[PDB]
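*Asks:* File target.cif below, mmCIF, C-alpha atoms:
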data_query
#
loop_
_atom_site.group_PDB
_atom_site.id
_atom_site.type_symbol
_atom_site.label_atom_id
_atom_site.label_comp_id
_atom_site.auth_asym_id
_atom_site.auth_seq_id
_atom_site.Cartn_x
_atom_site.Cartn_y
_atom_site.Cartn_z
ATOM 1 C CA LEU T 204 26.583 89.847 194.007
ATOM 2 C CA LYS T 205 25.529 93.327 195.106
ATOM 3 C CA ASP T 206 21.978 92.181 195.558
ATOM 4 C CA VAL T 207 23.192 89.420 197.915
ATOM 5 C CA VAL T 208 25.226 91.846 199.861
ATOM 6 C CA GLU T 209 22.503 94.479 200.597
ATOM 7 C CA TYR T 210 20.070 91.610 201.330
ATOM 8 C CA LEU T 211 22.372 90.344 204.162
ATOM 9 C CA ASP T 212 22.287 93.764 205.862
ATOM 10 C CA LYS T 213 18.474 93.632 206.000
ATOM 11 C CA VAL T 214 18.411 90.253 207.663
ATOM 12 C CA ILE T 215 20.281 91.368 210.857
ATOM 13 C CA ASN T 216 18.920 94.933 210.842
ATOM 14 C CA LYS T 217 15.414 95.194 209.276
ATOM 15 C CA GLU T 218 13.882 91.844 210.517
ATOM 16 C CA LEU T 219 13.502 90.066 207.262
ATOM 17 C CA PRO T 220 13.260 86.384 208.545
ATOM 18 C CA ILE T 221 16.220 84.160 209.105
ATOM 19 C CA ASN T 222 15.735 81.879 206.082
ATOM 20 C CA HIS T 223 18.164 79.128 206.942
ATOM 21 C CA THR T 224 18.115 77.773 203.423
ATOM 22 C CA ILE T 225 19.821 80.876 201.932
ATOM 23 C CA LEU T 226 22.674 80.937 204.437
ATOM 24 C CA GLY T 227 22.975 77.212 204.253
ATOM 25 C CA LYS T 228 23.670 77.500 200.492
ATOM 26 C CA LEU T 229 26.229 80.292 200.951
ATOM 27 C CA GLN T 230 28.582 77.887 202.932
ATOM 28 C CA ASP T 231 29.277 75.847 199.755
ATOM 29 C CA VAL T 232 30.375 79.003 197.979
ATOM 30 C CA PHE T 233 33.007 79.742 200.691
ATOM 31 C CA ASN T 234 34.255 76.146 200.977
ATOM 32 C CA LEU T 235 34.726 75.512 197.297
ATOM 33 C CA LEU T 236 36.246 79.050 196.784
ATOM 34 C CA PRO T 237 39.724 78.703 194.982
ATOM 35 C CA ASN T 238 43.078 78.819 196.677
ATOM 36 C CA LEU T 239 46.614 79.880 195.809
ATOM 37 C CA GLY T 240 49.930 78.206 196.659
ATOM 38 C CA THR T 241 48.158 74.922 195.866
ATOM 39 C CA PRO T 242 50.060 72.684 193.430
ATOM 40 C CA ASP T 243 47.030 73.382 191.197
ATOM 41 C CA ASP T 244 48.229 76.996 190.835
ATOM 42 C CA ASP T 245 51.515 75.596 189.630
ATOM 43 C CA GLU T 246 49.510 73.498 187.195
ATOM 44 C CA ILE T 247 47.717 76.521 185.734
ATOM 45 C CA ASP T 248 51.130 78.130 184.986
ATOM 46 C CA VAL T 249 52.248 75.021 182.996
ATOM 47 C CA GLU T 250 49.058 75.402 180.896
ATOM 48 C CA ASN T 251 49.468 79.083 180.422
ATOM 49 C CA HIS T 252 52.997 78.479 178.821
ATOM 50 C CA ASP T 253 51.571 75.842 176.511
ATOM 51 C CA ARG T 254 48.879 78.126 175.065
ATOM 52 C CA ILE T 255 51.103 81.209 174.560
ATOM 53 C CA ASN T 256 53.662 78.869 172.937
ATOM 54 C CA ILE T 257 51.298 77.611 170.302
ATOM 55 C CA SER T 258 50.094 81.196 169.833
ATOM 56 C CA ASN T 259 53.519 82.368 168.724
ATOM 57 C CA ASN T 260 54.164 79.524 166.298
ATOM 58 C CA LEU T 261 50.814 80.219 164.620
ATOM 59 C CA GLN T 262 51.505 84.005 164.565
ATOM 60 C CA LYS T 263 54.735 83.459 162.610
ATOM 61 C CA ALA T 264 53.016 81.040 160.338
ATOM 62 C CA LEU T 265 50.567 83.731 159.091
ATOM 63 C CA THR T 266 53.459 86.146 158.426
ATOM 64 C CA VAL T 267 54.785 83.638 155.758
ATOM 65 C CA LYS T 268 51.395 83.335 153.928
ATOM 66 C CA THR T 269 50.866 87.056 153.495
ATOM 67 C CA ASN T 270 54.463 87.613 152.407
ATOM 68 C CA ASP T 271 53.862 85.085 149.517
ATOM 69 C CA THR C 17 74.056 103.188 135.876
ATOM 70 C CA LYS C 18 71.802 104.455 138.559
ATOM 71 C CA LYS C 19 73.408 102.286 141.341
ATOM 72 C CA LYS C 20 76.779 103.108 140.026
ATOM 73 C CA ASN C 21 76.744 106.701 141.422
ATOM 74 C CA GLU C 22 76.255 105.340 144.833
ATOM 75 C CA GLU C 23 79.075 102.628 144.683
ATOM 76 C CA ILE C 24 81.752 105.249 143.739
ATOM 77 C CA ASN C 25 80.392 107.667 146.432
ATOM 78 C CA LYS C 26 80.856 105.045 149.176
ATOM 79 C CA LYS C 27 84.363 104.183 148.151
ATOM 80 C CA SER C 28 85.431 107.729 148.317
ATOM 81 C CA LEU C 29 84.154 108.118 151.870
ATOM 82 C CA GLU C 30 86.403 105.186 152.811
ATOM 83 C CA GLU C 31 89.348 106.525 150.861
ATOM 84 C CA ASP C 32 90.651 103.973 148.301
ATOM 85 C CA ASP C 33 89.738 100.642 149.797
ATOM 86 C CA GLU C 34 91.918 99.789 152.729
ATOM 87 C CA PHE C 35 91.005 96.377 151.347
ATOM 88 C CA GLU C 36 94.155 96.323 149.247
ATOM 89 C CA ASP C 37 96.118 98.794 151.377
ATOM 90 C CA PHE C 38 96.756 96.130 154.055
ATOM 91 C CA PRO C 39 98.687 93.541 151.936
ATOM 92 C CA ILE C 40 100.799 96.103 150.328
ATOM 93 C CA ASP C 41 101.978 97.540 153.652
ATOM 94 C CA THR C 42 102.759 94.281 155.285
ATOM 95 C CA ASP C 65 88.274 74.356 168.734
ATOM 96 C CA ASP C 66 90.623 74.700 165.806
ATOM 97 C CA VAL C 67 93.888 75.599 167.770
ATOM 98 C CA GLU C 68 93.581 72.273 169.852
ATOM 99 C CA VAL C 69 96.721 70.177 169.424
ATOM 100 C CA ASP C 70 96.273 66.439 168.774
ATOM 101 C CA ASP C 71 95.536 65.320 172.253
ATOM 102 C CA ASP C 72 96.388 61.769 171.396
ATOM 103 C CA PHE C 73 100.096 62.307 171.978
ATOM 104 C CA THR C 74 99.632 63.799 175.378
ATOM 105 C CA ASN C 75 97.065 61.098 176.352
ATOM 106 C CA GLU C 76 99.472 58.340 175.555
ATOM 107 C CA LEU C 77 101.889 59.691 178.243
ATOM 108 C CA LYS C 78 99.116 60.156 180.760
ATOM 109 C CA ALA C 79 97.648 56.660 180.424
ATOM 110 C CA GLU C 80 101.125 55.016 180.828
ATOM 111 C CA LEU C 81 102.361 56.902 183.926
ATOM 112 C CA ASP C 82 99.002 56.194 185.833
ATOM 113 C CA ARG C 83 99.060 52.649 184.723
ATOM 114 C CA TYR C 84 102.545 51.784 185.984
ATOM 115 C CA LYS C 85 101.736 52.841 189.592
ATOM 116 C CA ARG C 86 98.086 51.469 189.565
ATOM 117 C CA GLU C 87 99.175 48.077 188.462
ATOM 118 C CA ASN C 88 102.155 47.687 190.960
ATOM 119 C CA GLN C 89 100.325 49.201 193.834
ATOM 120 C CA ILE U 216 85.394 58.095 148.956
ATOM 121 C CA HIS U 217 84.519 61.704 148.010
ATOM 122 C CA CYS U 218 82.779 62.075 151.447
ATOM 123 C CA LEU U 219 85.349 60.140 153.464
ATOM 124 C CA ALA U 220 87.958 62.316 152.012
ATOM 125 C CA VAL U 221 86.432 65.397 153.577
ATOM 126 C CA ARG U 222 85.538 65.862 157.183
ATOM 127 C CA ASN U 223 81.883 65.059 156.963
ATOM 128 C CA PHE U 224 81.248 61.385 158.111
ATOM 129 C CA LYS U 225 77.359 61.529 158.189
ATOM 130 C CA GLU U 226 77.059 60.830 154.496
ATOM 131 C CA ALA U 227 79.803 58.305 154.223
ATOM 132 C CA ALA U 228 78.387 55.919 156.836
ATOM 133 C CA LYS U 229 75.188 55.661 154.981
ATOM 134 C CA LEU U 230 76.724 54.611 151.556
ATOM 135 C CA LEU U 231 79.709 52.591 153.055
ATOM 136 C CA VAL U 232 77.639 50.254 155.314
ATOM 137 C CA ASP U 233 75.513 49.524 152.326
ATOM 138 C CA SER U 234 78.737 48.526 150.377
ATOM 139 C CA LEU U 235 79.050 45.667 152.845
ATOM 140 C CA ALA U 236 75.975 44.120 151.296
ATOM 141 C CA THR U 237 77.466 44.684 147.750
ATOM 142 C CA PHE U 238 80.917 45.538 146.831
ATOM 143 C CA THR U 239 82.586 45.566 143.351
ATOM 144 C CA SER U 240 86.454 45.984 143.447
ATOM 145 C CA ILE U 241 86.565 47.335 139.927
ATOM 146 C CA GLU U 242 88.689 50.555 140.080
ATOM 147 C CA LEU U 243 87.865 50.595 143.820
ATOM 148 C CA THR U 244 89.945 49.988 146.962
ATOM 149 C CA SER U 245 89.631 46.369 148.124
ATOM 150 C CA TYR U 246 86.802 45.025 150.228
ATOM 151 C CA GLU U 247 88.974 44.688 153.333
ATOM 152 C CA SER U 248 89.612 48.408 153.359
ATOM 153 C CA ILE U 249 85.906 49.042 153.039
ATOM 154 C CA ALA U 250 85.326 46.757 156.107
ATOM 155 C CA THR U 251 87.664 48.842 158.270
ATOM 156 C CA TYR U 252 86.403 52.220 157.041
ATOM 157 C CA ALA U 253 82.729 51.232 157.423
ATOM 158 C CA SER U 254 83.431 50.451 161.059
ATOM 159 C CA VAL U 255 85.151 53.853 161.826
ATOM 160 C CA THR U 256 82.309 55.838 160.318
ATOM 161 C CA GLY U 257 79.869 53.589 161.985
ATOM 162 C CA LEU U 258 80.887 54.632 165.480
ATOM 163 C CA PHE U 259 80.850 58.359 164.776
ATOM 164 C CA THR U 260 77.256 58.308 163.226
ATOM 165 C CA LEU U 261 74.604 56.012 164.521
ATOM 166 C CA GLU U 262 72.950 56.263 168.027
ATOM 167 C CA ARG U 263 73.126 53.180 170.551
ATOM 168 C CA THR U 264 70.903 50.244 169.310
ATOM 169 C CA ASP U 265 70.913 51.059 165.571
ATOM 170 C CA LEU U 266 74.613 51.917 165.295
ATOM 171 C CA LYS U 267 75.542 48.839 167.441
ATOM 172 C CA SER U 268 73.584 46.500 165.247
ATOM 173 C CA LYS U 269 74.945 48.027 162.036
ATOM 174 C CA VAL U 270 78.568 47.729 163.191
ATOM 175 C CA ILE U 271 78.263 44.364 164.969
ATOM 176 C CA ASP U 272 75.197 42.189 164.156
ATOM 177 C CA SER U 273 76.478 42.627 160.486
ATOM 178 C CA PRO U 274 77.176 38.923 159.321
ATOM 179 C CA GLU U 275 79.865 40.045 156.963
ATOM 180 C CA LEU U 276 82.263 41.499 159.579
ATOM 181 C CA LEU U 277 82.096 38.428 161.752
ATOM 182 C CA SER U 278 82.792 36.086 158.740
ATOM 183 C CA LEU U 279 85.829 38.080 157.772
ATOM 184 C CA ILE U 280 87.400 37.732 161.294
ATOM 185 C CA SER U 281 90.454 39.795 162.136
ATOM 186 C CA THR U 282 92.694 39.026 159.273
ATOM 187 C CA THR U 283 94.752 42.249 159.385
ATOM 188 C CA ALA U 284 95.831 44.228 162.403
ATOM 189 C CA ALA U 285 93.953 47.485 161.517
ATOM 190 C CA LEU U 286 90.507 45.924 161.150
ATOM 191 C CA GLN U 287 91.252 44.267 164.627
ATOM 192 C CA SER U 288 91.866 47.493 166.466
ATOM 193 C CA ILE U 289 88.775 49.276 165.307
ATOM 194 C CA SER U 290 86.526 46.258 166.076
ATOM 195 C CA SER U 291 88.132 46.048 169.563
ATOM 196 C CA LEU U 292 87.090 49.645 170.084
ATOM 197 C CA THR U 293 83.591 48.968 168.941
ATOM 198 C CA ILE U 294 83.335 46.059 171.467
ATOM 199 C CA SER U 295 84.522 48.152 174.364
ATOM 200 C CA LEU U 296 82.188 51.188 173.671
ATOM 201 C CA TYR U 297 79.238 48.947 173.415
ATOM 202 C CA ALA U 298 80.101 46.668 176.338
ATOM 203 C CA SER U 299 80.707 49.733 178.539
ATOM 204 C CA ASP U 300 84.141 48.218 179.510
ATOM 205 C CA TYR U 301 85.840 51.544 180.102
ATOM 206 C CA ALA U 302 89.157 50.075 181.426
ATOM 207 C CA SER U 303 90.061 48.830 177.983
ATOM 208 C CA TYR U 304 88.497 51.671 176.134
ATOM 209 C CA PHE U 305 91.534 53.905 176.507
ATOM 210 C CA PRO U 306 94.158 51.303 175.297
ATOM 211 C CA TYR U 307 91.943 50.534 172.361
ATOM 212 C CA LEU U 308 91.563 54.284 171.563
ATOM 213 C CA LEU U 309 95.354 54.667 171.294
ATOM 214 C CA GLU U 310 95.784 51.579 169.001
ATOM 215 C CA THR U 311 93.137 52.791 166.541
ATOM 216 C CA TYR U 312 95.031 56.107 166.225
ATOM 217 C CA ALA U 313 98.326 54.519 165.238
ATOM 218 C CA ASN U 314 96.967 51.794 162.921
ATOM 219 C CA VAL U 315 93.716 52.909 161.426
ATOM 220 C CA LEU U 316 93.653 56.596 161.314
ATOM 221 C CA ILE U 317 97.116 57.349 159.884
ATOM 222 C CA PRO U 318 97.429 54.382 157.212
ATOM 223 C CA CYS U 319 94.206 55.869 155.882
ATOM 224 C CA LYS U 320 94.777 58.672 153.304
ATOM 225 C CA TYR U 321 91.265 59.871 153.998
ATOM 226 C CA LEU U 322 91.371 60.130 157.783
ATOM 227 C CA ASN U 323 94.976 61.380 157.845
ATOM 228 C CA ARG U 324 93.607 64.966 157.722
ATOM 229 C CA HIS U 325 90.833 64.151 160.154
ATOM 230 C CA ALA U 326 92.866 62.237 162.705
ATOM 231 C CA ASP U 327 92.732 65.197 165.033
ATOM 232 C CA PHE U 328 89.025 65.757 165.269
ATOM 233 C CA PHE U 329 88.150 62.055 165.251
ATOM 234 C CA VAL U 330 90.160 60.683 168.184
ATOM 235 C CA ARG U 331 89.261 63.722 170.434
ATOM 236 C CA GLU U 332 85.541 63.374 169.390
ATOM 237 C CA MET U 333 85.639 59.697 170.731
ATOM 238 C CA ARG U 334 86.864 60.747 174.190
ATOM 239 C CA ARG U 335 83.811 63.069 174.396
ATOM 240 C CA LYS U 336 81.227 60.493 173.246
ATOM 241 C CA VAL U 337 82.374 57.881 175.660
ATOM 242 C CA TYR U 338 82.469 60.192 178.660
ATOM 243 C CA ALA U 339 78.971 61.488 177.892
ATOM 244 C CA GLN U 340 77.761 57.965 177.789
ATOM 245 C CA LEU U 341 79.041 57.061 181.304
ATOM 246 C CA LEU U 342 77.625 60.291 182.801
ATOM 247 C CA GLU U 343 74.168 59.843 181.196
ATOM 248 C CA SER U 344 73.481 56.847 183.479
ATOM 249 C CA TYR U 345 74.685 58.569 186.626
ATOM 250 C CA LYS U 346 73.200 61.358 188.731
ATOM 251 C CA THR U 347 76.521 61.818 190.327
ATOM 252 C CA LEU U 348 79.883 60.032 190.192
ATOM 253 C CA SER U 349 83.174 60.483 192.099
ATOM 254 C CA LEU U 350 86.369 61.880 190.315
ATOM 255 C CA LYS U 351 88.286 59.101 192.017
ATOM 256 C CA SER U 352 85.817 56.538 190.687
ATOM 257 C CA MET U 353 85.662 57.886 187.200
ATOM 258 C CA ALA U 354 89.360 58.264 186.997
ATOM 259 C CA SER U 355 90.100 54.756 188.006
ATOM 260 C CA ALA U 356 87.732 53.205 185.492
ATOM 261 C CA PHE U 357 89.431 54.746 182.518
ATOM 262 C CA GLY U 358 93.093 54.167 183.700
ATOM 263 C CA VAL U 359 94.177 57.734 183.922
ATOM 264 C CA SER U 360 95.302 59.592 187.006
ATOM 265 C CA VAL U 361 92.801 61.717 188.865
ATOM 266 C CA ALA U 362 94.602 64.987 187.754
ATOM 267 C CA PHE U 363 94.614 63.929 184.097
ATOM 268 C CA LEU U 364 90.953 63.273 183.986
ATOM 269 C CA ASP U 365 90.182 66.770 185.339
ATOM 270 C CA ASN U 366 92.284 68.540 182.710
ATOM 271 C CA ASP U 367 90.826 66.611 179.845
ATOM 272 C CA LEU U 368 87.259 67.097 181.207
ATOM 273 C CA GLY U 369 87.832 70.963 181.240
ATOM 274 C CA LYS U 370 88.138 70.889 177.535
ATOM 275 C CA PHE U 371 84.924 69.110 176.937
ATOM 276 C CA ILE U 372 82.645 71.125 179.269
ATOM 277 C CA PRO U 373 82.288 74.632 177.656
ATOM 278 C CA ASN U 374 82.028 73.104 174.151
ATOM 279 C CA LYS U 375 79.150 71.194 175.658
ATOM 280 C CA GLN U 376 78.311 67.541 174.951
ATOM 281 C CA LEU U 377 78.979 66.152 178.486
ATOM 282 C CA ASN U 378 76.454 68.490 180.083
ATOM 283 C CA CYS U 379 78.346 68.423 183.385
ATOM 284 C CA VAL U 380 80.314 70.274 186.089
ATOM 285 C CA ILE U 381 82.744 69.288 188.697
ATOM 286 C CA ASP U 382 82.217 70.401 192.241
ATOM 287 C CA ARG U 383 86.019 70.239 192.788
ATOM 288 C CA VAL U 384 86.530 70.831 196.520
ATOM 289 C CA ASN U 385 84.178 67.831 197.250
ATOM 290 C CA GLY U 386 85.472 65.804 194.381
ATOM 291 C CA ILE U 387 82.016 64.888 193.151
ATOM 292 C CA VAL U 388 80.958 65.265 189.513
ATOM 293 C CA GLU U 389 77.333 66.640 189.010
ATOM 294 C CA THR U 390 75.407 66.369 185.820
ATOM 295 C CA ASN U 391 73.036 69.122 185.054
ATOM 296 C CA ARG U 392 69.588 67.774 184.332
ATOM 297 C CA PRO U 393 67.404 70.106 182.262
ATOM 298 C CA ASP U 394 66.185 67.219 180.125
ATOM 299 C CA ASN U 395 62.497 67.861 180.167
ATOM 300 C CA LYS U 396 59.880 70.456 179.149
ATOM 301 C CA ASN U 397 62.524 73.143 179.936
ATOM 302 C CA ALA U 398 64.824 71.446 177.374
ATOM 303 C CA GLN U 399 62.247 71.422 174.697
ATOM 304 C CA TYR U 400 61.413 75.008 175.394
ATOM 305 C CA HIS U 401 64.965 76.247 175.019
ATOM 306 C CA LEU U 402 65.508 74.437 171.704
ATOM 307 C CA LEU U 403 62.269 75.530 170.215
ATOM 308 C CA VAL U 404 62.869 79.270 170.769
ATOM 309 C CA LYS U 405 66.310 79.137 169.150
ATOM 310 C CA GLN U 406 64.864 77.462 166.038
ATOM 311 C CA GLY U 407 62.150 80.210 166.058
ATOM 312 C CA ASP U 408 64.941 82.793 166.199
ATOM 313 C CA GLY U 409 66.528 81.413 163.157
ATOM 314 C CA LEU U 410 63.217 81.736 161.114
ATOM 315 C CA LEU U 411 62.668 85.300 162.440
ATOM 316 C CA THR U 412 65.961 86.645 161.075
ATOM 317 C CA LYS U 413 65.410 85.233 157.560
ATOM 318 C CA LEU U 414 61.999 86.841 157.355
ATOM 319 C CA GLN U 415 63.437 90.276 158.097
ATOM 320 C CA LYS U 416 66.184 90.017 155.464
ATOM 321 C CA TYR U 417 63.803 89.035 152.710
ATOM 322 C CA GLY U 418 61.086 91.470 153.881
ATOM 323 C CA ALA U 419 63.358 94.417 153.689
ATOM 324 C CA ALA U 420 64.519 93.501 150.189
ATOM 325 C CA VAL U 421 61.099 93.285 148.516
ATOM 326 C CA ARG U 422 59.923 96.372 150.367
ATOM 327 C CA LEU U 423 62.357 98.589 148.485
ATOM 328 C CA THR U 424 60.544 97.701 145.223
#
Starting from the file, give its structure as structure tokens.
*Replies:*
Amino acid sequence: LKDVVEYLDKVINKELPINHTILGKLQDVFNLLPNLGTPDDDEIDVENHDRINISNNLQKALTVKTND
Amino acid sequence: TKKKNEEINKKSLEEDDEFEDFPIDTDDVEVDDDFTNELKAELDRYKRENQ
Amino acid sequence: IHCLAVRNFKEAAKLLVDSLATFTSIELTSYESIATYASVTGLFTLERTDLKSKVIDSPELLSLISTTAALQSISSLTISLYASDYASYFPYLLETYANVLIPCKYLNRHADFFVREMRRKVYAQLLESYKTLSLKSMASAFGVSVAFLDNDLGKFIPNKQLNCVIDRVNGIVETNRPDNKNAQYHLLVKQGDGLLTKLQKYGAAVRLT
């Protein structure tokens, strides 16, 4: 990421050519960047509860085996 | 015989056993609600019907 | 008989419905008694469909008609519960108390819990199908005054089977709806809590050795 960043400085300061292809590609990165307060975000939270839930049942289940 | 020392030591800290001291010195409540319901049903009914 | 005799009905229903298929009177209370008793237990234990079928679509009970007054009352009750006719539910509830519960040696002791338990099941049932109802509506259907309903509802609510509140000033009855993933969550932790305690008790014991 750092390499991209110092490269952009050189374009508008050190007269490395304006290679339209590079810039063109960067637009997709900003458009398809994640967002919060989407009902997707709410969706992630439902999944997060599921996975922690199963983690606890399995944690207790090992406690039983070792105690035997 | 080992545990026994401890059992006697606890009792003594209590003093005797209170357990037996008390008798020497001296929704389960819910009424059947059927009886009250009978009265309720009948009073409402009389009015309802002849209204 | 051993089960009926005590409070627990879960076990009785299962043996006594079966005795409908095959009964032997030998040193055992006559079949007619068994018909009546099977029906009482029936109501208390099975859920909608299953229970209904067991206590109605039974060929035996239909063939036997209503030959004595006691078997009549209980069957009348069964009809009204199932048919969701809630006007006649309450008259039928009172009849079963006088003529079924008390002649019975077994349910003499258990009269108190039984009859009360029925008022709760029936109310739950009406509420299940309704987001909201009015007090005036609900009251009318049963045949009690509006005041009476409120009092008797305030018994059922903290005990919790109805799953409901009454927004009194407005006169509407709201039914809390946590039936979902939230429900399943709450239940599951409590069951987990029960396993957690046992592990400690046992752990601590062995650990001393």
*Asks:* Separation of atom CA of residue 361 of chain U and atom CA of residue 312 of chain U, in Å?
*Replies:*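 Value for the atom CA of residue 361 of chain U-atom CA of residue 312 of chain U distance: 23.4 Å.
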*Asks:* Which residues come within 10 Å of segment 246-258 of chain T, counting only C-alpha atoms, excluding same-chain residues fewer than 6 positions away, as a PyMOL selection string?
*Replies:* (chain T and resi 264) or (chain U and resi 396+400+403-404)
*Asks:* Hey, list the chain C side of the contact with chain U: 12 Å cut-off, all atoms listed in the file, answer as a PyMOL selection string.
*Replies:* chain C and resi 65-87
*Asks:* Could you check how far atom CA of residue 232 of chain U sits from atom CA of residue 253 of chain U, in Å to one decimal?
*Replies:* 5.6 Å
*Asks:* Quick one: which residues end up in the PyMOL selection byres ((chain U and resi 385) around 12) for this structure, as a list in words?
*Replies:*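 Selection result, ordered by chain and number: residues 347, 348, 349, 350, 351, 381, 382, 383, 384, 386, 387, 388 and 389 of chain U.
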*Asks:* Could you save the residues just selected, with C-alpha atoms, as a CSV table (one decimal), in the coordinates of the input?
*Replies:*
chain,number,residue,atom,x,y,z
U,347,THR,CA,76.5,61.8,190.3
U,348,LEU,CA,79.9,60.0,190.2
U,349,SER,CA,83.2,60.5,192.1
U,350,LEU,CA,86.4,61.9,190.3
U,351,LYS,CA,88.3,59.1,192.0
U,381,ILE,CA,82.7,69.3,188.7
U,382,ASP,CA,82.2,70.4,192.2
U,383,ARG,CA,86.0,70.2,192.8
U,384,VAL,CA,86.5,70.8,196.5
U,386,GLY,CA,85.5,65.8,194.4
U,387,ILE,CA,82.0,64.9,193.2
U,388,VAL,CA,81.0,65.3,189.5
U,389,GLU,CA,77.3,66.6,189.0
*Asks:* Using all atoms listed in the file, find the one residue out of U:269, U:392, U:229, U:401 that sits nearest to chain T.
*Replies:* U:401
*Asks:* Between atom CA of residue 254 of chain U and atom CA of residue 372 of chain U, what is the distance in Å, rounded to a tenth?
*Replies:*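 Straight-line distance from atom CA of residue 254 of chain U to atom CA of residue 372 of chain U works out to 27.6 Å.
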*Asks:* Could segment 68-85 of chain C be completed with N, CA and C atoms and returned as a PDB file, keeping the file's coordinate frame?
*Replies:*
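Result saved to rebuild-v2.pdb:
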ATOM      1  N   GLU C  68      93.359  73.516 169.001  1.00  0.00           N
ATOM      2  CA  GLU C  68      93.581  72.273 169.852  1.00  0.00           C
ATOM      3  C   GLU C  68      94.510  71.346 169.140  1.00  0.00           C
ATOM      4  N   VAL C  69      95.638  71.070 169.873  1.00  0.00           N
ATOM      5  CA  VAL C  69      96.721  70.177 169.424  1.00  0.00           C
ATOM      6  C   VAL C  69      96.111  68.789 169.429  1.00  0.00           C
ATOM      7  N   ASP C  70      96.584  67.812 168.567  1.00  0.00           N
ATOM      8  CA  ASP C  70      96.273  66.439 168.774  1.00  0.00           C
ATOM      9  C   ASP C  70      96.663  66.106 170.165  1.00  0.00           C
ATOM     10  N   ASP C  71      95.614  65.626 170.905  1.00  0.00           N
ATOM     11  CA  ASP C  71      95.536  65.320 172.253  1.00  0.00           C
ATOM     12  C   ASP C  71      95.814  63.857 172.419  1.00  0.00           C
ATOM     13  N   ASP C  72      96.119  63.094 171.352  1.00  0.00           N
ATOM     14  CA  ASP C  72      96.388  61.769 171.396  1.00  0.00           C
ATOM     15  C   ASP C  72      97.757  61.560 171.939  1.00  0.00           C
ATOM     16  N   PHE C  73      98.691  62.442 171.543  1.00  0.00           N
ATOM     17  CA  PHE C  73     100.096  62.307 171.978  1.00  0.00           C
ATOM     18  C   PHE C  73     100.227  62.534 173.424  1.00  0.00           C
ATOM     19  N   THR C  74      99.507  63.544 173.957  1.00  0.00           N
ATOM     20  CA  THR C  74      99.632  63.799 175.378  1.00  0.00           C
ATOM     21  C   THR C  74      99.013  62.710 176.231  1.00  0.00           C
ATOM     22  N   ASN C  75      97.853  62.206 175.746  1.00  0.00           N
ATOM     23  CA  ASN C  75      97.065  61.098 176.352  1.00  0.00           C
ATOM     24  C   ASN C  75      97.871  59.764 176.464  1.00  0.00           C
ATOM     25  N   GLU C  76      98.602  59.451 175.482  1.00  0.00           N
ATOM     26  CA  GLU C  76      99.472  58.340 175.555  1.00  0.00           C
ATOM     27  C   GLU C  76     100.378  58.337 176.812  1.00  0.00           C
ATOM     28  N   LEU C  77     101.045  59.490 177.101  1.00  0.00           N
ATOM     29  CA  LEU C  77     101.889  59.691 178.243  1.00  0.00           C
ATOM     30  C   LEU C  77     101.105  59.563 179.522  1.00  0.00           C
ATOM     31  N   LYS C  78      99.913  60.092 179.552  1.00  0.00           N
ATOM     32  CA  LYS C  78      99.116  60.156 180.760  1.00  0.00           C
ATOM     33  C   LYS C  78      98.708  58.813 181.198  1.00  0.00           C
ATOM     34  N   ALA C  79      98.199  57.978 180.274  1.00  0.00           N
ATOM     35  CA  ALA C  79      97.648  56.660 180.424  1.00  0.00           C
ATOM     36  C   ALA C  79      98.764  55.813 181.024  1.00  0.00           C
ATOM     37  N   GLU C  80      99.960  55.853 180.467  1.00  0.00           N
ATOM     38  CA  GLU C  80     101.125  55.016 180.828  1.00  0.00           C
ATOM     39  C   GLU C  80     101.638  55.331 182.201  1.00  0.00           C
ATOM     40  N   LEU C  81     101.811  56.628 182.591  1.00  0.00           N
ATOM     41  CA  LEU C  81     102.361  56.902 183.926  1.00  0.00           C
ATOM     42  C   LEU C  81     101.354  56.349 185.032  1.00  0.00           C
ATOM     43  N   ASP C  82     100.040  56.569 184.829  1.00  0.00           N
ATOM     44  CA  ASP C  82      99.002  56.194 185.833  1.00  0.00           C
ATOM     45  C   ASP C  82      99.000  54.733 185.979  1.00  0.00           C
ATOM     46  N   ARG C  83      99.074  54.091 184.826  1.00  0.00           N
ATOM     47  CA  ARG C  83      99.060  52.649 184.723  1.00  0.00           C
ATOM     48  C   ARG C  83     100.172  51.962 185.531  1.00  0.00           C
ATOM     49  N   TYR C  84     101.368  52.477 185.397  1.00  0.00           N
ATOM     50  CA  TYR C  84     102.545  51.784 185.984  1.00  0.00           C
ATOM     51  C   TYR C  84     102.320  51.589 187.482  1.00  0.00           C
ATOM     52  N   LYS C  85     102.005  52.735 188.159  1.00  0.00           N
ATOM     53  CA  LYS C  85     101.736  52.841 189.592  1.00  0.00           C
ATOM     54  C   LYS C  85     100.516  51.987 190.003  1.00  0.00           C
TER      55      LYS C  85
END
